[PDB]
Trainee: 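Sending over a structure as structure tokens; questions will come in a sec.
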Amino acid sequence: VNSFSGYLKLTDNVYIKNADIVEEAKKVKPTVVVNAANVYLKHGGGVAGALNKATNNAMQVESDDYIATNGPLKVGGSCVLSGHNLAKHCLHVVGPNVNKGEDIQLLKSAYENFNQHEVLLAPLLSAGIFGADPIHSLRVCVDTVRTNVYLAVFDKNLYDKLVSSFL
Ligand SMILES: NC(=O)[C@@]1(O)CCN(c2ncnc3[nH]ccc23)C1
Ligand SMILES: [Cl-]
């Protein structure tokens, strides 16, 4: 039993809710919140910009030190950093950004990072400003993640379409 509330159950391990991931994180304080990161951990917009804003830019400061030490992530890769005031940990996961021409096949690799964590709050990878079809992102999620994932979908109209079209 965990403290996630109001989710629709899609499968054995995947749950979905129309919610602002920032407000969800501030309520639940999960062990892991997933950020929709880019390889430079530049949290300018989308989910990343919103999560960083909620940390008062502390996520960006920590991220800049990480990059200065380690260099950029790989597309499809991840790193674990602090969750600041939102969660214990933030798993920064880089899905492909279609608006950069990145290979959508790397989306499965991106979701594989979730399997290293027993429970996660997460957005749909490569959705929103990353330019992939969110229906496809959901299918890959369900077919790749085996740990317990609670998906927050900010857009209510998008949330309704994802549920109704789910196979
Ligand atoms: N005032 C705010 O910060 C927002 O209400 C608008 C920006 N922000 C988000 N921007 C993009 N993608 C997102 N996914 C989940 C939340 C979210 C929250
Ligand atoms: Cl985003």
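Heads up: numbering here begins at 1 and tracks the sequence. Side chains included, hydrogens not; waters and symmetry mates left out as well; all remaining heavy atoms used.
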Trainee: Between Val142 and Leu106, is there shared hydrophobic-cluster membership here, with clusters defined by ILVMFWY side-chain heavy atoms closer than 4.5 Å?
Mentor: no
Trainee: Before giving the answer on side-chain contact (heavy atoms from CB on, under 4.5 Å), spell out for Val33 and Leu91 the whole-Å C-alpha distance, their side-chain angles and the decisive distance to 0.1 Å.
Mentor: CA-CA 6 Å; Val33 67; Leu91 180 69; over 6 Å; no
Trainee: Could you tell me whether a side-chain N or O of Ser126 sits under 3.5 Å from a main-chain N or O of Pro96, the two making a donor and an acceptor?
Mentor: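 Yes; judged by distance alone, with no hydrogens or angles, the pair exists.
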Trainee: With distance as the sole test, does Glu62 use its side chain to make a donor-acceptor pair with the main-chain N or O of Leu81 at under 3.5 Å?
Mentor: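 The answer is no, because no donor-acceptor pair under 3.5 Å joins these two groups.
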Trainee: Would you say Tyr111's side chain and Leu138's backbone share a donor-acceptor pair under 3.5 angstrom?
Mentor: no
Trainee: Suppose we screen for salt bridge (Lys or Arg N to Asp or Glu O under 4.0 Å). Which residues come up paired with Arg139, at least two apart in sequence or across chains?
Mentor: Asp143
Trainee: Going by side chain to side chain contact (heavy atoms under 4.5 Å, CB included), name the residues that satisfy it together with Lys100, two or more places apart in sequence or in a different chain.
Mentor: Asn38, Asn97, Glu102
Trainee: Does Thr144 use its side chain to pair, donor to acceptor, with the backbone of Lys108 at less than 3.5 Å?
Mentor: no
Trainee: With rounding to the nearest 0.5 angstrom, report the CG to CG distance, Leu10 to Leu167.
Mentor: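 With rounding to 0.5 Å, CG (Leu10) is 11.5 Å from CG (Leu167).
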Trainee: Using atom types as modelled and distance alone, determine if a side-chain donor or acceptor of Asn115 lies under 3.5 Å from a backbone N or O of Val145.
Mentor: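 No; judged by distance alone, with no hydrogens or angles, the pair does not exist.
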Trainee: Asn70 and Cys79: side-chain contact (heavy atoms from CB on, under 4.5 Å), yes or no, with the steps?
Mentor: CA-CA 10 Å; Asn70 301 109; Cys79 67; over 6 Å; no
Trainee: Is the side chain of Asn57 donor-acceptor paired with the backbone N or O of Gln60 at a distance under 3.5 Å, no angle test?
Mentor: no
Trainee: Are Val163 and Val14 connected into the same hydrophobic cluster when the rule is that any two of I, L, V, M, F, W, Y join if their side-chain heavy atoms are below 4.5 Å apart?
Mentor: yes
Trainee: Flag the pair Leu125 / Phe114 as yes when at least one side-chain heavy-atom distance between them is below 4.5 Å, and no otherwise.
Mentor: yes
Trainee: Report the distance from atom CZ of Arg146 to atom CG of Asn13, rounding to the nearest 0.5 Å.
Mentor: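 Answer for the CZ-CG pair, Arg146 versus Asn13, is 9.5 Å.
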Trainee: Please check if the side chain of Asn113 supplies one atom and the backbone of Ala110 the other of a donor-acceptor pair under 3.5 Å.
Mentor: yes
Trainee: Is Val93 reachable from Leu107 through a run of hydrophobic residues whose side-chain heavy atoms are each under 4.5 Å from the next?
Mentor: yes
Trainee: Would you say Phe154 and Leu121 are hydrophobically clustered, going by side-chain heavy atoms of ILVMFWY under 4.5 Å?
Mentor: no
Trainee: Of all residues at least two apart in sequence or in a different chain, which pass the side-chain hydrogen bond (donor to acceptor under 3.5 Å, both in side chains) check with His92?
Mentor: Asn35
Trainee: With sequence neighbours excluded, tell me which residues meet side chain to side chain contact (heavy atoms under 4.5 Å, CB included) with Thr55.
Mentor: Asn52, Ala58, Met59, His84, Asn85, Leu86
Trainee: Quick one: does any side-chain atom of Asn18 pair with a main-chain N or O of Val153 as donor and acceptor, under 3.5 Å?
Mentor: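 Yes; judged by distance alone, with no hydrogens or angles, the pair exists.
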Trainee: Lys26 and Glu23: salt bridge (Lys or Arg N to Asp or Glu O under 4.0 Å), yes or no, with the steps?
Mentor: CA-CA 5 Å; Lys26 282 190 294 184; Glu23 293 309 316; 2.9 Å; yes
Trainee: For residues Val34 and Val119: do they belong to one hydrophobic cluster (side chain heavy atoms under 4.5 Å, members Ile, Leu, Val, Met, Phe, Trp, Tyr)?
Mentor: no
Trainee: Are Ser63 and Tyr40 close enough that a side-chain donor and a side-chain acceptor fall under 3.5 Å?
Mentor: no
Trainee: When rounded to the nearest 0.5 angstrom, what distance separates CD1 in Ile135 from OG in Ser165?
Mentor: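 Here the rounded value is 3.5 Å.
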Trainee: Would you check, one step at a time, whether the test side-chain contact (heavy atoms from CB on, under 4.5 Å) holds for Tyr15 with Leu151?
Mentor: CA-CA 6 Å; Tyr15 297 80; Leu151 291 166; over 6 Å; no
Trainee: Stepwise, does the side-chain contact (heavy atoms from CB on, under 4.5 Å) test hold for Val149 with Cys141?
Mentor: CA-CA 9 Å; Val149 57; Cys141 181; 4.2 Å; yes
Trainee: I need the full list of salt bridge (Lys or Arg N to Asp or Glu O under 4.0 Å) pairs touching residues 82-91, with sequence neighbours left out, sorted by first then second residue.
Mentor: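 Found none.
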Trainee: With sequence neighbours excluded, tell me which residues meet side chain to side chain contact (heavy atoms under 4.5 Å, CB included) with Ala36.
Mentor: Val47, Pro123
Trainee: Is there a donor in the side chain of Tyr7 and an acceptor in the side chain of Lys17, or the other way round, less than 3.5 Å apart?
Mentor: no
Trainee: Any non-hydrogen side-chain atom of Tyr150 less than 4.5 Å from a side-chain atom of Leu120?
Mentor: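 No; the side chains remain at least 4.5 Å from each other.
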Trainee: Backbone N or O of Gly76 within a donor-acceptor pair of the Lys74 side chain at under 3.5 Å?
Mentor: no
